[PDB]
Protein chains: 2
Amino acid sequence: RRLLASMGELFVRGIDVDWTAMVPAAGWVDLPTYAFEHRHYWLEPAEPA
Amino acid sequence: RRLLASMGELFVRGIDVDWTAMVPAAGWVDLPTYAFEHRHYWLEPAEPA
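Residues numbered from 1 in each chain as written, not as in the entry; some residues may be left out. Chains lettered and ligands numbered in written order. Part of a larger assembly, values for the part shown. Heavy atoms only, no water.

As stated in the entry header, the method of structure determination is cryo-EM and the reported resolution is 3.96 Å.

Draft legend 1. Region of the structure containing the overall build of chain A. In terms of helices and strands, chain A carries one helix and zero strands. In terms of principal-axis extent, the alpha carbons of chain A reach across some 70 × 30 × 15 Å. Buried positions account for 4% of the 49 residues belonging to chain A. Summed over its atoms, the accessible surface of chain A is roughly 5,600 Å², and 64% of this surface lies on carbon and sulfur atoms. (Helix = DSSP H or I, 4+ residues; strand = E, 2+ residues; numbered from the N terminus. Buried < 20%, exposed > 50% of the residue type's maximum accessible area, 1.4 Å probe, protein only. Areas by Shrake-Rupley, 256 points an atom, 1.4 Å probe, with all protein chains shown as cover.)

Draft legend 2. Fine view of the packing of aromatic side chains. In total, this model carries four aromatic pairs over all chains according to the counting rule given. Here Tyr34 of chain B and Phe36 of chain B contribute two aromatic rings whose centre-to-centre distance is 5.4 Å and whose plane-to-plane angle is 35°, an arrangement assigned as tilted. (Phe/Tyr/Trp six-rings, centres within 6.5 Å; stacked < 30°, edge-to-face > 60°.)

Draft legend 3. View of the pattern of salt bridges. All names here are of chain A. For the structure shown, the criterion picks out two salt bridges over all chains. The partner of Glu9 in a salt bridge is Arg13, and the shortest N-O contact between them spans 2.7 Å. A residue pair is termed a helical-turn pair when its members lie 3 or 4 positions apart in one helix, as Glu9 and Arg13 do in helix 1 (residues 2-13) at four residues. Residue classification places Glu9 among the partly exposed positions, given a relative accessible area of 38%. (Salt bridge = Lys/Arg side-chain N within 4 Å of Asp/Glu carboxyl O.)

Draft legend 4. Structural context of helix 1 of chain A. Helix length check: helix 1 of chain A (twelve residues) gives 16 Å between terminal C-alpha atoms against 16 Å at 1.5 Å per residue, within 8%. Following helix 1 of chain A by one or two positions, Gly14 of chain A has its phi on the positive side, about 135°. (Expected span 1.5 Å × (residues − 1).)

Draft legend 5. Broad picture of the environment of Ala26 of chain A. Here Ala26 of chain A shows up in the segment after helix 1. On the basis of relative accessible area, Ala26 of chain A is assigned to the exposed category, the value being 73%.

Draft legend 6. Seen up close, the environment of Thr33 of chain A. Residues and elements named next belong to chain A. Inspection of the secondary structure assignment puts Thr33 in the segment after helix 1. Its relative accessible area of 73% is what places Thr33 among the exposed residues. For the pair formed by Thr33 and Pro48, sequence separation is 15 residues and the distance between their alpha carbons is 45 Å.

Have a look at this one:
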């Protein structure tokens, strides 16, 4: 666990780690999608009198 | 010529004639196109100022 934390911190520092090396491939799992940010954007026109 | 004018008048009277009988096909010739009747059609909307 300590070693895993070690390269976890190393990766989060900004370095590249290939976790496929010790994490094995397994069956399919339906992961949730990306969580997007949202600011409402809209343009409305004007009308003649 | 007279007989040709005769069934030409008959055809223009409203009936249909298969003129392929006395007029066999020949080599290709580039013909003009249909002449349309043209009137100006357009929309010119307005807007506020």
